[PDB]
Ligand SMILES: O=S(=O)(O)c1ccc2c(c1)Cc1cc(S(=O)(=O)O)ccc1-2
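Consider the single chain below, provided in structure tokens and representing the form deposited without 9H-fluorene-2,7-disulfonate.
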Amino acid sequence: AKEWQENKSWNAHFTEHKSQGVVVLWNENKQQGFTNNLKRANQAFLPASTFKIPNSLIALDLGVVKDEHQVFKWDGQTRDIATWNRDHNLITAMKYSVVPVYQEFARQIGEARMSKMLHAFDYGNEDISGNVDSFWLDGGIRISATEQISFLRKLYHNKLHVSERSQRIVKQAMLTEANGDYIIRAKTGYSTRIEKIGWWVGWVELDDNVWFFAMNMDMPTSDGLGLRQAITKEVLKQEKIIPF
């Protein structure tokens, strides 16, 4: 039984944009996965921006974040992203990938509780070597695209070892697009520093099905998140998951 099928025709979406990477899709109803590259789908990388999901979940479950309205005041330090130089709540911190807010969450969670929770989540290699407030950006943690799918499916089903409340709040914060045809929950691909790999992970909710996606790509000459989203959407449109 092959729960993972390879479709090399999606490689054209990478080659036409002079890029190299993987797209992994999971059809929830059919319990079947699809990818352009099975080997790369299983290669583990630094989670970087995708770590906002487990970080926020742990912060809510432990009461570091009381609710999605609690204000995290700006520290007064001027940074190069204008949207970071203001107060935020969980929703806006996710919207604008406000790394200083997530660093504050990680410091409050602390090393021991962060490690215990990643082990409880079965999250990637569960290795958090590095500064407690930067290990997902320059430390020892690694996760593959197929492991991102397994983690996101548990989140979708409220099956992670954290409160149902924390899972519902994080899914609300992940909201990125909604129209009369579909909803996309993601808010995970923004790159805040130089990394070898960029990501885009999340899911597409349809009336009678959910399609999980996890993609990663090598750093190209100039393109980034916009391109990662474009290639993923080109694949979703090819598979008739979302309309053209």
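Numbers for residues come from their place in the sequence shown, where the first is 1. Just so we're on the same page, rigid core means the largest C-alpha set that superposes within 1.5 Å between forms.
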*Compare the mean C-alpha B-factor of 186-194 with that of 39-47 as given in the PDB entry, and name the stretch with the higher value.*
186-194
*Could you check which stretch, 59-67 or 198-206, carries the larger mean CA temperature factor in the entry?*
59-67
*asked:* Highest Cα temperature factor in the entry, among the options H161, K171, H119, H157: which one is it?
replied: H161
*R86 by Cα B-factor - lowest, middle or highest third of the modelled chain*: highest
*Classify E147 as lowest, middle or highest third according to the C-alpha B-factor given in the PDB entry, relative to its own chain.*
lowest
_Among the modelled residues of this chain, does the Cα B factor of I128 put it in the lowest, middle or highest third?_
middle
*asked:* Per the entry's values, where does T176 land by CA temperature factor relative to the rest of its chain, in the lowest, middle or highest third?
replied: middle
*Should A12 be placed in the lowest, middle or highest third of its chain by the C-alpha B factor in the entry?*
highest
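The following text describes the form deposited with 9H-fluorene-2,7-disulfonate bound, which does not appear among the structures shown.
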*Could you superimpose the pocket C-alphas so that 9H-fluorene-2,7-disulfonate sits on this ligand-free chain as it does in the entry with it bound, and then tell me whether the site is open or blocked by the 2.4 Å backbone/C-beta test with a threshold of 3 atoms?*
blocked
*Do all of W84, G189 and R193 end up near 9H-fluorene-2,7-disulfonate in the entry with it bound, with near meaning a heavy atom within 4.5 Å?*
yes
*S56, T35, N216, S49 - the one with a heavy atom within 4.5 Å of 9H-fluorene-2,7-disulfonate in the entry with it bound*: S49
*Of the residues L118, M174, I149, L137, which one places a heavy atom within 4.5 Å of 9H-fluorene-2,7-disulfonate in the entry with it bound?*
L137
*Could you tell me which stretch in 95-103, 108-116, 121-129, 161-169 has residues with non-hydrogen atoms within 4.5 Å of 9H-fluorene-2,7-disulfonate in the entry with it bound?*
95-103
*Please run the contact check for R228 against 9H-fluorene-2,7-disulfonate in the entry with it bound: heavy atoms, 4.5 angstroms, yes or no?*
yes
*Which residue, chosen from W203, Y190, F45, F34, moves its CA by 2 Å or more between this form and the one not shown under a rigid core superposition?*
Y190
_Rigid-core frame, C-alpha of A230, shift of 2 angstroms or more between this form and the one not shown_ = no
*Over in the other structure, so in the entry with it bound, do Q172 and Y190 pull closer or drift farther apart at the C-alpha level? The difference is 3 angstroms or more.*
farther
*Could you tell me whether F45 and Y190 have their C-alpha atoms closer or farther apart in the entry with it bound than in the shown form, knowing the shift is 3 angstroms or more?*
closer
